[PDB]
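Down below is the structure, laid out as structure tokens.
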Amino acid sequence: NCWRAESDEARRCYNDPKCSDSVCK
């Protein structure tokens, strides 16, 4: 469900519709 809290892409993708997921903080 939640992505990894160690991916720099999780921050960049956070501002994209193709990545509206929720990375586990």
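Quick note on naming: the chains in the structure tokens go A, B, ... in the order shown, residues restart at 1 in each chain, and ligands are numbered from 1 in order of appearance.
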* What's the 10 Å shell around residue 19 (chain A), counting only C-alpha atoms, without same-chain residues fewer than 6 positions away, as number ranges by chain? -> A: 3, 9-13
Shell around residue 23 (chain A) at 10 Å using only C-alpha atoms, local window under 5 positions removed, as a JSON list (two decimals) with C-alpha atoms, in the first residue's frame:
[["chain", "number", "residue", "atom", "x", "y", "z"],
["A", 1, "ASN", "CA", 0.00, 0.00, 0.00],
["A", 2, "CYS", "CA", 2.46, 2.63, 1.22],
["A", 3, "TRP", "CA", 5.76, 3.23, -0.58],
["A", 4, "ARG", "CA", 9.22, 3.31, 0.98],
["A", 5, "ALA", "CA", 10.33, 6.17, 3.24],
["A", 6, "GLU", "CA", 13.79, 6.09, 1.66],
["A", 7, "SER", "CA", 13.03, 6.95, -1.97],
["A", 10, "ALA", "CA", 8.51, 9.52, -3.32],
["A", 11, "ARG", "CA", 8.85, 13.26, -2.70],
["A", 14, "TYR", "CA", 4.06, 13.16, -4.39]]
* Taking the DSSP assignment computed from this structure's backbone, write out as a list in words all residues of chain A that belong to helix (DSSP H, G or I). => residues 9, 10, 11, 12, 13, 14, 15, 17, 18 and 19 of chain A
What would the file look like if the residues just selected were written as a PDB file, in the first residue's frame with N, CA and C atoms?
ATOM      1  N   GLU A   9      12.295   9.725  -4.950  1.00  0.00           N
ATOM      2  CA  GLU A   9      11.242   9.881  -5.948  1.00  0.00           C
ATOM      3  C   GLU A   9       9.874  10.003  -5.282  1.00  0.00           C
ATOM      4  N   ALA A  10       9.765   9.472  -4.068  1.00  0.00           N
ATOM      5  CA  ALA A  10       8.514   9.521  -3.322  1.00  0.00           C
ATOM      6  C   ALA A  10       8.112  10.960  -3.018  1.00  0.00           C
ATOM      7  N   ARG A  11       9.099  11.849  -2.979  1.00  0.00           N
ATOM      8  CA  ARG A  11       8.850  13.257  -2.697  1.00  0.00           C
ATOM      9  C   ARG A  11       8.489  14.012  -3.973  1.00  0.00           C
ATOM     10  N   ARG A  12       9.154  13.661  -5.070  1.00  0.00           N
ATOM     11  CA  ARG A  12       8.905  14.308  -6.352  1.00  0.00           C
ATOM     12  C   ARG A  12       7.586  13.832  -6.954  1.00  0.00           C
ATOM     13  N   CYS A  13       7.322  12.535  -6.839  1.00  0.00           N
ATOM     14  CA  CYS A  13       6.096  11.953  -7.371  1.00  0.00           C
ATOM     15  C   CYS A  13       4.887  12.384  -6.546  1.00  0.00           C
ATOM     16  N   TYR A  14       5.130  12.731  -5.287  1.00  0.00           N
ATOM     17  CA  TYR A  14       4.062  13.160  -4.393  1.00  0.00           C
ATOM     18  C   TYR A  14       3.239  14.280  -5.024  1.00  0.00           C
ATOM     19  N   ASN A  15       3.872  15.041  -5.910  1.00  0.00           N
ATOM     20  CA  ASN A  15       3.201  16.146  -6.586  1.00  0.00           C
ATOM     21  C   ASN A  15       2.768  15.741  -7.992  1.00  0.00           C
ATOM     22  N   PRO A  17      -0.193  13.093 -10.268  1.00  0.00           N
ATOM     23  CA  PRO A  17      -1.413  12.279 -10.259  1.00  0.00           C
ATOM     24  C   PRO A  17      -1.118  10.793 -10.435  1.00  0.00           C
ATOM     25  N   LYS A  18       0.012  10.488 -11.061  1.00  0.00           N
ATOM     26  CA  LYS A  18       0.412   9.104 -11.292  1.00  0.00           C
ATOM     27  C   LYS A  18       1.122   8.533 -10.069  1.00  0.00           C
ATOM     28  N   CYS A  19       1.113   9.290  -8.977  1.00  0.00           N
ATOM     29  CA  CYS A  19       1.756   8.860  -7.742  1.00  0.00           C
ATOM     30  C   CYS A  19       1.101   9.516  -6.531  1.00  0.00           C
TER      31      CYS A  19
END
